[PDB]
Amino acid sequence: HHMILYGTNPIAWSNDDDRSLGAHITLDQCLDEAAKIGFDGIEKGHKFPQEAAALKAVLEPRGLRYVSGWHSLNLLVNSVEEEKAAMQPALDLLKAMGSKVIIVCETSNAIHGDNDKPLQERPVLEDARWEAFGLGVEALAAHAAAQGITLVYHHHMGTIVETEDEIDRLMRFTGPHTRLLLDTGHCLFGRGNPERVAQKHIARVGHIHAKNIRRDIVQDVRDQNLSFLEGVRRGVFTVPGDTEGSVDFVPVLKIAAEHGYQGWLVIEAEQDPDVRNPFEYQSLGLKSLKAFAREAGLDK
């Protein structure tokens, strides 16, 4: 029972939102390379089986645990009860796989999947609606906790939870069962400070995505008004240990260590697999992230 478990995400191989990126890379190549690199587990991708027996049939022979899966929320247009029914299939799969977390994100009005929409036109939730949105998220979180699953909210570019102020609003209007998924890459991309977010909310963090960014490319997205998927194809994201990145990982992991964080560190770095070889960059990500966690005192 290692306290800290290192996972990966299959979008470094095949992107979910833009199905042309890594379409040629089979599920088999993705999982073989993820296991060969040394990851303890992997998160859901769009090529994964969604039935317990079939999913174990591909994961267990490779020694990969099912970390979690992304689940889209539509609390801004659907009732809380309908959203509870929507996540139940995901909860069933996670329990059978032994997963302890469900990753969630409000995507009813999100634009990260719209290749033609500039990221600056992303949705902003009207101020008065935060309280009700929070009650809905926490209602889903209490529902999942009753079945042994912890809901972790994934702040994300192109959604209503993008900036550091909006992360603060979410945490303010949720609790006690709602946890935060701290994604370092999305936080900095959204002009936030990963270290400051961790200092504020580490007690509520239940899942960590160690995602890096190339500052050069992020500023290209801003200056030229590009879409999220345009930025992904240009290399807006990369892995821990890449000298082209700008995220400072040790301070964040040090805050986690000081509060006794237990759970997953996941390297999630979508890139164009033709240009940024997934085996190479995910290999560099795992090596570098373990070194950072050792330096931070997080992994003893």
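Start at 1 and count along the sequence shown; that's the residue number.
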| item | value |
| --- | --- |
| Stretch exceeding the other in mean C-alpha B-factor - 174-182, 121-129 | 121-129 |
| Given 50-58 and 30-38, the range whose Cα B-factors average higher in the PDB entry | 50-58 |
| Given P278, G22, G285, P10, the residue at which the Cα B factor reaches its maximum | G22 |
| Selection by C-alpha B-factor (highest) of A256, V236, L64, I267 | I267 |
| Third of the chain's Cα B-factor distribution that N109 belongs to, per the entry | highest |
| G98 - Cα temperature factor, lowest/middle/highest third of chain | highest |
| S246 - which third its CA temperature factor falls in, relative to the rest of the chain | middle |
| Modelled-residue ranking by C-alpha temperature factor, third containing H209 | lowest |
| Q147, C-alpha B-factor rank within chain (lowest, middle or highest third) | middle |
